[PDB]
Amino acid sequence: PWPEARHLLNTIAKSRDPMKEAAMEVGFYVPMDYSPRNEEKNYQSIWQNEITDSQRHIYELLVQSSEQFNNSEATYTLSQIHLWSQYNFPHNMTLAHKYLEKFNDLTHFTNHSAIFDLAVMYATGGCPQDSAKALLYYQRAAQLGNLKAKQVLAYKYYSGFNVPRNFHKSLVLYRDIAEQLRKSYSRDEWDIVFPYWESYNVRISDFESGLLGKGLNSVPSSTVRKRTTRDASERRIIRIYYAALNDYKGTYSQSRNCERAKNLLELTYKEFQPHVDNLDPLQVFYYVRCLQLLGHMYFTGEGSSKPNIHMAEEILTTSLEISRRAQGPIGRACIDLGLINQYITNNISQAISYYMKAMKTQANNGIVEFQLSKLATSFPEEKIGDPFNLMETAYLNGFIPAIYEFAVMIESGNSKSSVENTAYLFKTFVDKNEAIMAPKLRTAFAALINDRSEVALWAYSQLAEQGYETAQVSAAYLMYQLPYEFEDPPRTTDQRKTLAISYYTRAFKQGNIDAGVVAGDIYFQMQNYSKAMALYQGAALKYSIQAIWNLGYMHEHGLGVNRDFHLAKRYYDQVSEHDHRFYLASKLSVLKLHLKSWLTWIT
Amino acid sequence: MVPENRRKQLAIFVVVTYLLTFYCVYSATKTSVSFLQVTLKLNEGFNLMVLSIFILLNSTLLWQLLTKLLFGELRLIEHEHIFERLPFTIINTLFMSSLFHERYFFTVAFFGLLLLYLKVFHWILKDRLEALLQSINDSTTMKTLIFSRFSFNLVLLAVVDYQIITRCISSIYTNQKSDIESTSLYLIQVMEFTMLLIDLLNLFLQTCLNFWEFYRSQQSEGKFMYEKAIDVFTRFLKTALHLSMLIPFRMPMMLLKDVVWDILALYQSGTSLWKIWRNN
């Protein structure tokens with residue numbers, strides 16, 4: 001029965017990620033609490049009304065094929081439907097578990113994706129959790145050579161979580177993963193221009209207010225790109241340039257579209273070329289900026305079938321000439337010029353000149369130092385800096401292949417090669433390449449902004465194990481957010497909270513701050529009062545204001561420590577000092593303290 | 001003073017003020033996470049202005065009731081004196097408050113409002129003295145009881161100003177810190193307070209002079225001579241303290257503003273001194 005099943009399934013288009021369809025021509029809701037009864041009843045209603053009868057027929061014949069015959073191939077697809085909620089079917093967390101169980105019985109530990117997902121479900125206790133089976137499955141999935149498995153094992157051994165700490169195994173695994181990832185790239189993309197894959201590494205809950213409040217969180221908000229912006233003829237150039245830019249660098253709600261921007265740039269350049277002379281005051285600036293952008297787009301080849309090297313070079317020389325008067329920015333233009341004449345043509349001296357003329361610019365990120373280091377390695381008699389210093393600069397700036405080359409150089413030589421540093425480097429590289437390891441962030445956002453919330457929890461939970469602190473905070477926040485005061489706390493189960501606490505804790509220990517505060521507040525709500533002091537002190541040590549004030553608050557009441565008002569007023573002075581705007585609050589708190597003091601003096 | 005329709009407008013104002021402040025507090029509350037966040041929210045401009053309005057109104061009401069308690073009911077002459085002399089000192093407080101920028105915002109207006117209440121009290125006390133002099137009755141003597149009431153008012157003002165000036169000079173001596181601007185502010189408060197104190201001393205000497213005159217007339221030269229003598233004496237005390245305090249600091253603006261009127265008063269004192277030479 002499976003052949004016709006497939007022939008029908010070929011006609012549903014499992015999922016539409018709206019970030020892309022929004023490129024042809026907002027916000028979302030997160031839930032606050034959780035209850036299996038509500039989920040089950042919503043599931044019943046969805047099965048009752050929403051599903052179309054053709055879906056009924058295909059799904060029922062799928063069930064039949066998966067139950068009668070151990071088809072071992074309808075099993076997997078039904079699994080993926082029920083788990084990632086594709087083909088307009090809803091999320092169930094137990095049916096997926098049962099079907100993965102049957103699949104793993106069938107394949108006898110031979111298909112690694114299923115093994116990985118099963119290990120995740122055994123370590124999260126979503127369905128109780130037990131680390132032993134989880135670690136065994138991670139080992140078995142490393143055997144077959146699954147990447148994410150090796151990565152999560154490395155992250156586990158490197159953070160000391162759930163097992164004793166070890167740097168040797170982590171370094172070995174990270175070197176292996178970096179080797180494979182380097183092998184995954186071609187020579188052109190690695191040398192000439194790096195493929196531009198959109199980043200969705202952002203944490204959730206920054207489009208909204210934030211964590212633990214507004215203007216109170218120490219770590220800066222992380223939303224790198226969202227709809228960049230800033231009267232008849234004048235505003236025309238600003239509008240057209242911003243249209244081009246926002247259409248090139250894709251946003252979070254709307255992904256990128258290239259051919260539109262290409263046609264637009266071509267048209268505007270061809271129509272504005274003859275009489276550029278009269279745009280002297282400011283329009284020349286954005287005009288030459290548009291020229292630079294269009295030239296880079298010609299050179300790379302995106303939005304077209306193939307790059308046009310000669311046209312790009314001509315337009316680039318013209319734009320440079322125009323920039324010479326009014327001395328506009330020359331970063332990307334000279335960068336790309338140096339790039340072309342180094343590999344396309346073999347004229348190297350002019351390339352060195354262009355590089356040295358563009359080194360101190362701002363638009364360069366890491367490419368220049370990389371090219372200079374490689375060239376000095378190929379021809380050392382040029383007396384052009386020191387390659388080690390070039391690699392240090394590049395790595396400190398944030399160029400991806402620079403990380404790998406710098407790691408190789410620093411391990412091959414002494415140069416203070418502590419194993420910790422090498423491990424940290426390789427881990428940063430693996431985490432940051434982000435194009436083969438964690439592609440599911442895009443899928444996660446897609447599922448999020450079409451209201452399918454649970455599957456987003458699943459995806460971020462799977463990622464969080466891989467070490468992406470951003471995934472950790474996003475998952476934890478989706479499982480528990482801090483409630484507005486004078487309002488009931490969330491109504492979720494205990495297991496949900498005892499998982500969220502661990503996620504927040506690891507997120508804190510990775511380097512983030514706010515997670516520590518929210519973890520302390522969670523322990524507070526659960527009325528531990530014992531470990532709370534630990535986390536709050538760990539947050540205070542890094543100059544977190546809310547943590548200080550809360551430590552003062554917990555000291556002054558009898559919980560834990562017993563009413564040492566002296567240290568209470570001391571901490572209130574601490575918080576009043578460390579910042580300015582919060583004077584009034586610390587003072588009013590000390591005033592309430594003194595008031596309690598006098599009312600006790602009465603008795 | 002207070003017309004009935006003005007009292008109605010006052011009722012409207014106070015109730016709408018309380019409504020506004022409670023609504024804004026509740027709004028800022030329910031949309032917050034912790035106390036500290038709602039504090040940072042209240043510190044925002046608009047709600048800050050609303051709370052300042054509330055504080056100002058309640059403080060003025062408290063002060064008005066305290067005035068009712070101390071001076072009982074005010075006469076029309078006193079009220080006219082107030083309505084006439086207020087704006088000069090009000091603009092002077094505006095000058096000294098705008099002398100210091102956003103850094104010194106709250107405590108400046110605090111102490112300015114305090115000293116404003118004090119100078120108003122001083123003027124009312126002076127005019128009440130002048131009334132007591134006009135309405136004086138010789139059917140009884142200047143008994144220790146009526147004199148005790150009046151001098152009790154006087155010594156209340158004297159002691160409160162003395163405690164404040166001593167607290168402030170102690171704070172100045174203790175805090176020889178980097179914020180010398182705050183110490184200068186404190187010394188400006190001291191200057192105003194001691195000007196008020198010298199007003200107290202002058203009026204007190206005038207009262208004792210009149211009481212000793214009463215004493216001599218009941219039991220047993222022109223009093224104007226000794227009156228002018230004490231007035232120029234107190235003016236000398238002012239000028240001496242003003243110089244001895246403002247020179248140390250080396251202030252460019254308050255110095256000249258005070259000393260120009262000081263030397264005009266000194267010109268008048270030289271005239272009165274020549275009159276004394278005439279009667280000498």
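What is reported rests on the model, the rules as stated and the sources as named; no laboratory instrument gave them. With ideal geometry, Cβ positions are generated from the backbone for all residues, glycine too; neighbour counts draw on all protein chains shown.
Checking the condition touching a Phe, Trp or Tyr at 6+ places or on another chain (Cβ under 6 Å) and within 14 Å of chain B (Cβ to nearest Cβ), which residue from A:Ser218, A:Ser205 passes?
One residue alone meets the criteria, A:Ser205.
Take A:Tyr529 and tell me if it is in contact with a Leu (Cβ under 9 Å, 6 or more places away or on another chain), assigned to a loop (DSSP other than H, G, I, E, B) and not assigned by TED's automatic domain parsing to the domain that holds A:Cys127.
It is true that A:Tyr529 is in contact with a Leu (Cβ under 9 Å, 6 or more places away or on another chain), assigned to a loop (DSSP other than H, G, I, E, B) and not assigned by TED's automatic domain parsing to the domain that holds A:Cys127.
All but one of (1) farther than 30 Å from B:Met254 by Cα; (2) charged (D, E, K, R); (3) away from every other protein chain (no Cβ under 14 Å) hold for B:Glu84, so report the exception by its number.
Result: B:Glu84 fails condition (1) only.
From the set of residues in region A:548-576 that are away from every other protein chain (no Cβ under 14 Å) and closer than 30 Å to B:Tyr104 by Cα, which is surrounded by the most Cβ atoms within 10 Å (Cβ to Cβ)?
Result: A:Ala568.
Do the conditions hold for B:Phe22, that is, is it among the aromatic types (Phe, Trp, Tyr), under 30 Å from A:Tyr484 (Cα atoms), more than 14 Å from every other protein chain (Cβ to nearest Cβ) and exposed (fewer than 11 other Cβ atoms within 10 Å of the Cβ)?
no
Under the condition of being hydrophobic (A, V, I, L, M, F, W, C) and surrounded by 14 or more Cβ atoms within 10 Å (Cβ to Cβ), which residue from region B:250-275 is farthest from B:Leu187 (Cα to Cα)?
That would be B:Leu273.
For region A:165-216, which residues satisfy the criterion of being of a type in the set (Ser, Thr, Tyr) and over 29 Å from A:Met19 (Cα atoms)?
Result: A:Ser170, A:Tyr174.
A:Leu482 is checked against (1) in a helix (DSSP H, G or I); (2) of a type in the set (A, V, I, L, M, F, W, C); (3) farther than 22 Å from A:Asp117 by Cβ and fails just one. What number does that condition carry?
Among (1) in a helix (DSSP H, G or I); (2) of a type in the set (A, V, I, L, M, F, W, C); (3) farther than 22 Å from A:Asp117 by Cβ, the lone unmet condition for A:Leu482 is (1).
A:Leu245: over 30 Å from A:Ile545 (Cβ atoms), surrounded by 11 or more Cβ atoms within 10 Å (Cβ to Cβ) and in contact with a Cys (Cβ under 8 Å, 6 or more places away or on another chain), yes or no?
No; evaluated as a whole, the condition is false for this residue.
Please state which one of A:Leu153, A:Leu181, A:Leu147 is touching a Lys or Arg at 6+ places or on another chain (Cβ under 9 Å), more than 14 Å from chain B (Cβ to nearest Cβ) and of a type in the set (A, V, I, L, M).
A:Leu153
Residue by residue, here is whether (1) assigned to a helix (DSSP H, G or I); (2) surrounded by 13 or more Cβ atoms within 10 Å (Cβ to Cβ); (3) away from chain A (no Cβ under 14 Å) holds:
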site: B:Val16; (1), (2), (3): yes, no, yes
site: B:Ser32; (1), (2), (3): no, yes, no
site: B:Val38; (1), (2), (3): yes, yes, no
site: B:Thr60; (1), (2), (3): yes, no, yes
site: B:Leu69; (1), (2), (3): yes, no, yes
site: B:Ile77; (1), (2), (3): yes, no, yes
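Considering (1) assigned to a helix (DSSP H, G or I); (2) of a type outside the set (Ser, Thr, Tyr); (3) over 25 Å from A:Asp117 (Cβ atoms), say which one A:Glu25 fails and leave the rest.
Every condition holds for A:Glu25 apart from (1).
With respect to the numbered conditions (1) surrounded by 11 or more Cβ atoms within 10 Å (Cβ to Cβ); (2) closer than 28 Å to A:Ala500 by Cβ, which one is the sole condition not fulfilled by A:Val26?
Only one criterion is unmet by A:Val26, namely (1).
For region B:40-53, how many residues meet the condition of being more than 7 Å from chain A (Cβ to nearest Cβ) and either touching a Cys at 6+ places or on another chain (Cβ under 6 Å) or among the aliphatic types (A, V, I, L, M) (or both)?
The qualifying residues number 7.
Would you say A:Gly516 is part of a helix (DSSP H, G or I) and either more than 25 Å from the chain's Cα centre (by Cα) or of a type in the set (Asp, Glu) (or both)?
No.
Do any residues in region A:585-603 that are more than 14 Å from chain B (Cβ to nearest Cβ) have Cβ atoms under 9 Å from those of residues that are in a helix (DSSP H, G or I), where the two are at least six apart or on different chains, and which pairs are they?
Cβ pairs passing all conditions: A:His594/A:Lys569; A:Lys596/A:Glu556; A:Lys596/A:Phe565; A:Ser597/A:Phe565.
Would you pick out the residues in region A:417-441 that are crowded, with 18+ Cβ neighbours inside 10 Å and of a type in the set (A, V, I, L, M)?
Within region A:417-441, A:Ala423, A:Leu425, A:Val430, A:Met437, A:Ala438, A:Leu441 qualify.
Looking at this structure, is A:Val284 surrounded by 15 or more Cβ atoms within 10 Å (Cβ to Cβ) and either in contact with a helix residue (DSSP H, G or I) (Cβ under 9 Å, 6 or more places away or on another chain) or under 30 Å from A:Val30 (Cβ atoms) (or both)?
When the stated conditions are applied, A:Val284 passes them.
Looking only at region B:222-239, which residues are loosely packed, with under 11 Cβ neighbours inside 10 Å and assigned to a helix (DSSP H, G or I)?
Matches in region B:222-239: B:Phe224 only.
I need the full set of residues from region A:449-474 which are part of a loop (DSSP other than H, G, I, E, B) and of a type outside the set (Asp, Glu), in order please.
Correct list: A:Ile449, A:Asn450, A:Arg452, A:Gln466, A:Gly467, A:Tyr468.
Kindly indicate whether A:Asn70 is touching a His at 6+ places or on another chain (Cβ under 7 Å) and either among the hydroxyl-bearing types (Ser, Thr, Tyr) or not in a helix (DSSP H, G or I) (or both).
no
Answer yes or no as to whether A:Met526 is among the hydrophobic types (A, V, I, L, M, F, W, C) and more than 14 Å from chain B (Cβ to nearest Cβ).
Answer is yes for this residue.
Is there a residue in region A:465-473 that is over 25 Å from A:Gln180 (Cβ atoms) and buried (at least 19 other Cβ atoms within 10 Å of the Cβ)?
yes
Yes or no, residue by residue, for (1) of a type in the set (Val, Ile, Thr); (2) loosely packed, with under 12 Cβ neighbours inside 10 Å; (3) in a loop (DSSP other than H, G, I, E, B):
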position: B:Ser97; (1), (2), (3): no, no, no
position: B:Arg103; (1), (2), (3): no, yes, yes
position: B:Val108; (1), (2), (3): yes, no, no
position: B:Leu114; (1), (2), (3): no, no, no
position: B:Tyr117; (1), (2), (3): no, no, no
position: B:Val120; (1), (2), (3): yes, no, no
position: B:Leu133; (1), (2), (3): no, yes, no
